[PDB]
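1. this one is an experimental structure. Sequence first:
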Amino acid sequence: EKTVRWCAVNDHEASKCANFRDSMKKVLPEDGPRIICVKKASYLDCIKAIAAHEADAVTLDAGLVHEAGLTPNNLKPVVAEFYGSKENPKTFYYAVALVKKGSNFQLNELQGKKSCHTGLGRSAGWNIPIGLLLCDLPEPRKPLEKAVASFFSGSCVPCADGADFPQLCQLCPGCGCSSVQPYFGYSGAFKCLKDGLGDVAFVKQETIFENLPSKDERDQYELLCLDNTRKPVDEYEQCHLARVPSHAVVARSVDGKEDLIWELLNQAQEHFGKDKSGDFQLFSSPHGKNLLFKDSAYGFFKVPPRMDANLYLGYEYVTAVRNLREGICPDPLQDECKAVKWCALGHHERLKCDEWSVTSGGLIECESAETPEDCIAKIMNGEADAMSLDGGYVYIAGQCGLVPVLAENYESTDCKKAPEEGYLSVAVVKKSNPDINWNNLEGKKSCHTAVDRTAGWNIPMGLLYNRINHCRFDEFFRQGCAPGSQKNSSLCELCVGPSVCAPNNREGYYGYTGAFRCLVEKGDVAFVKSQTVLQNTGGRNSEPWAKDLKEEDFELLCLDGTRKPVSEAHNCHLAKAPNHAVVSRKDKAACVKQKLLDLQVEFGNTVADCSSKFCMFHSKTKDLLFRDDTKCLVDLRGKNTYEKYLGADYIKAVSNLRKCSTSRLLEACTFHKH
Ligand SMILES: [Cl-]
Ligand SMILES: [Fe+3]
Ligand SMILES: [Fe+3]
């Protein structure tokens, strides 16, 4: 029926797997997924067996999760171990350098020493330590193994090639890749030190605790710290090499059976987890330590579906592993600010970007994606560097670790001005329609810039939420067009653009303008910025649908139930909305700034004609890359943080709506517990 083929790495893992199977069989229903144990010689073979459908699941160290996610294997993390305790869970652990008390040497005296590692490519045992020594390893750092093999005078590096790099197997002939050889893994590394083969062991902070129950034995060991002092093994908080992410169970990217896997594992932990006691324990075993799952784990968390490997790992870890395999050293270097790569939605923004590229002489580079969230993801993982975003998306970007760099200012051409307090957010209706008002929306037809945008969603939806106290907005309005919503909800029923309901330009009713047109053609209410009516009436917008429209044909909804002319936003708006802002990663914020400020000098408001020369803030269509009413990109004057830039009030408002999010990227960015 439903089977999970679990991949066990060699014999001891095979025996634990069998006990696991049989035990589960007792507690699950005759359908409940059943385990099948497939035995392979190494984690690598397991990765391959899963790609090829021979198996479905294997728990791996984060460094190997990175390996498993590459082509052509393409696997992804779907369940994660957590540590610490049930009530205060952590999805990271510490890499430490473990030594014997009294051997005296510090972190900077490893050259020549003998080393014990958990395995090639693993976080604590290889990635972190080797990554700190890299730059000062023997100049020909390729291949890495040969260099590491000359720096230490003998090692145990499970999984490495002993044929070509025999020194890496001096302390463990064969470099066997499984718990069948005694010096493998967290346990083996520890043993390699304890038996005196090696002088140092690269493990995690629990290792010594899980192998030596009494403080008095543990008193024989110390940790090496980054400042070249030693500290007792209890003080790992102040004397670790790095924090690294959790070990995770990986599965195929498509047809991986993640649901089964999660079902099994969730039940497994309900029955055989750390609290329970029994003949079978999931985090323990008489056949060894860290079999199938780490003994130090306290349970699992379902990994958010949007999260792939890079995202699961995060940017610093991934870059660290990247560098290492890429022999890139950041020795006393200078100037990564060659060109800024911009992320563009859909076709049009791409075209505009290309144009901006050519003309800059490649100072601006273009990457593209089909959604705002995908663009933010690209930037998170350095596939791109920068994009401009509405406040609502700036929130998501911030929860995902990006920072605001420069704000779009709409009120003045003096680019040295501080960022404005924000634009006005209004609700607009047709004068034709006599009955609609603020207190009347239930039932009507609505138009929104996009889900998650400030004027189109966050402001109006949150203010309505505080009224209806539930989240089925698609049941409050009868019908709508709120791009980025579920293809088959009511809220997509008014959309039109080729790509129906997409959160981009391929949806006609997308954006400030799109939502206005939506109002003109099918809706009863549009949620947009205050300047929208003016920008699209009076022949200022020459499209057929708007050329003859008149400002006088529309009104605004005031919170108090009344209606007013559009010229009255100031006294008849929903709220203020922080200006759109440019985002990047901390690493590249400065670069990004400077190149934007400079490019603005030749391509900003100043350009007298935009059909002759290139204009950043001018768009062939509407609002490509920047808002067309953008005047200046102004420095943030200390509001270099998304909480700081958006401001309390806005944060407080978006938070109140947290429970209705449907953002896959936001759940992803909020999974890790640090
Ligand atoms: Cl291990
Ligand atoms: Fe690990
Ligand atoms: Fe906006």
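-> Done, it's in. Residues are numbered from 1 along each chain as shown. Ligands and ions are numbered 1, 2, ... in the order given.
2. other SSEs contacting the longest helix along the chain?
-> As assigned by DSSP state H, the longest helix anywhere in the chain is helix 10-27. Applying 3 or more Cβ pairs under 8 Å, 6 or more residues apart in numbering; DSSP states H and E, one finds that helix 10-27 makes contact with strand 3-9, strand 34-40, helix 258-272. (C-beta placed from N, C-alpha, C; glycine too.)
3. what comes into contact with it?
-> Residues from elsewhere that reach helix 10-27 (Cβ atoms under 8 Å, 6 or more residues apart in numbering): 6, 8, 32, 34-37, 39-42, 178-180, 264, 267-268, 271-272, 278-280, 282, 285, 287-288, 291-292.
4. what about 6 Å?
-> The contact list for helix 10-27 (Cβ atoms under 6 Å, 6 or more residues apart in numbering) reads 6, 8, 35, 37, 39, 178-180, 271, 280, 285, 287-288, 291-292.
5. residue 78 is in what secondary structure piece?
-> For residue 78, the host element (DSSP states H and E) is strand 75-82.
6. ok, and what's touching that strand?
-> 65, 68-69, 89, 91, 246-251, 253, 258, 261-262, 265, 294, 297-301, 303, 308-309, 312.
7. show the buried residues in those residues.
-> 65, 68-69, 91, 246-251, 253, 258, 261-262, 265, 294, 297-301, 303, 308-309, 312 (16 or more other Cβ atoms under 10 Å).
8. which ones among those residues lie within strands?
-> Under the assignment DSSP state E, these contribute 248-251, 299-301 to strands.
9. residue in the chain nearest to ligand 3?
-> residue 390 (3.6 Å; Cβ to the ion).
10. if we can go back for a sec, just the ones in strands among the buried ones among the contacts of strand 75-82 now: which is nearest residue 433?
-> Of all these, residue 433 sits closest to residue 301, with 49.2 Å by Cβ to Cβ.
11. now do the contacts for that closest one.
-> Residue 301 neighbours (Cβ under 6 Å, 6+ apart): 80, 82.
12. for it, name its beta-bridge partners.
-> For residue 301, the beta-bridge partners under DSSP bridges are residue 80.
13. any idea how far residue 431 is from it?
-> Going from residue 301 to residue 431 by Cβ to Cβ, to the nearest Å gives 53 Å.
14. for residue 617, same thing?
-> Counting by Cβ to Cβ, the gap from residue 617 to residue 431 is 31 Å.
15. now swap in residue 27 and tell me
-> Using Cβ to Cβ, residue 27 is found at 67 Å from residue 431.
16. what's the nearest residue to the residue of the chain found nearest ligand 2 if we skip its chain neighbours?
-> Among all residues of the chain, residue 61 sits closest to ligand 2, at 3.7 Å; criterion: Cβ to the ion. Excluding its sequence neighbours, the residue lying closest to residue 61 (Cβ to Cβ, 6 or more residues apart in numbering) is residue 122, at 4.4 Å.
17. what pairs with the following helix or strand past the strand holding residue 78, parallel or antiparallel?
-> Reading on from strand 75-82 to the C-terminus, the next helix or strand found by DSSP H and E is strand 92-100. Using DSSP bridges, strand 92-100 pairs in its sheet with strand 200-204 (antiparallel), strand 221-224 (antiparallel), strand 242-245 (antiparallel).
18. how many other residues sit next to residue 606?
-> 12 (other Cβ atoms under 10 Å).
19. distance check, it against ligand 1.
-> Taking Cβ to the ion, to the nearest Å as the measure, residue 606 falls 62 Å from ligand 1.
20. before we move on, what about residue 495?
-> For residue 495, the distance to ligand 1 - Cβ to the ion - is 52 Å.
21. okay, now that residue: neighbour count?
-> The number of residues packed around residue 495, counting by other Cβ under 10 Å, is 24.
22. tell me which helix or strand it sits in.
-> Assigned by DSSP H and E, residue 495 falls within no helix or strand.
23. that one contacts residue 481, correct?
-> Yes - assessed by Cβ atoms under 6 Å, residue 495 is found in contact with residue 481 at 4.3 Å.
24. surely the residue nearest to residue 61 meets residue 63?
-> Yes - if you go by Cβ under 6 Å, residue 122 and residue 63 touch, sitting 4.9 Å apart.
25. which one's more surrounded, these two?
-> Ranked by neighbour count (other Cβ under 10 Å), residue 122 and residue 63 place residue 122 first, with 30 against 27.
26. distance of that one from residue 199?
-> Per Cβ to Cβ, residue 122 is found 20 Å from residue 199.
27. can you report how many residues neighbour the residue in the stretch 151-300 of the chain that ligand 1 sits nearest to?
-> Nearest residue of the stretch 151-300 of the chain to ligand 1 (Cβ to the ion) works out as residue 185 at 2.8 Å. If you count neighbours by other Cβ under 10 Å, residue 185 ends up with 28.
28. kindly report the same for residue 471.
-> Around residue 471 there are 15 other residues, counting by other Cβ under 10 Å.
29. and if you look at the one 3 residues further on?
-> A count of neighbours around residue 474, defined by other Cβ under 10 Å, yields 19.
30. secondary structure element for it?
-> Per DSSP H and E, residue 474 falls inside helix 473-476.
31. and after that helix, which helix or strand comes next?
-> strand 479-481.
32. what does the helix or strand that that following strand is followed by contact?
-> Of the helices and strands lying after strand 479-481 in sequence (DSSP H and E), the nearest is helix 511-521. For helix 511-521, the external contacting residues (Cβ under 6 Å, 6+ apart) are 447-449, 481, 508-509, 526, 528-529, 532, 536, 545, 622-623.
33. let's go with 7 Å and repeat that
-> Residues from elsewhere that reach helix 511-521 (Cβ atoms under 7 Å, 6 or more residues apart in numbering): 428, 447-449, 456, 481, 494, 507-509, 526-529, 532, 536, 545, 549, 622-623.
34. one more: stretch 148-156?
-> By Cβ under 7 Å, 6+ apart, the residues outside stretch 148-156 that reach it are 110-117, 130, 133, 137-138, 165, 167-172, 183, 192, 197-198.
35. the same query, at a cut-off of 8 Å, please.
-> Stretch 148-156 is touched from outside by 110-117, 130, 133, 137-138, 157, 165-172, 175, 183, 188-189, 192, 197-198, with contacts defined as Cβ under 8 Å, 6+ apart.
36. and for stretch 328-340?
-> Contact with stretch 328-340 is made by 134-135, 141, 322-323, 362-365, 385-386, 588, 590-592, 594-596, as judged by Cβ under 8 Å, 6+ apart.
37. next, the buried residues of that stretch.
-> Across stretch 328-340, burial judged by 16+ other Cβ under 10 Å covers 339-340.
38. kindly report the same for stretch 222-239.
-> Neighbour counts over stretch 222-239 (16+ other Cβ under 10 Å) mark 222-225, 230-231, 233, 236, 239 as buried.
39. start and end of it, how far apart?
-> Separation of the first and last residues of stretch 222-239 by Cα to Cα, to the nearest Å is 10 Å.
40. could you identify the buried members of the contacts of stretch 148-156?
-> Applying 16+ other Cβ under 10 Å to these flags 110, 113-117, 130, 133, 137, 157, 165, 167-172, 175, 183, 188-189, 192, 197-198 as buried.
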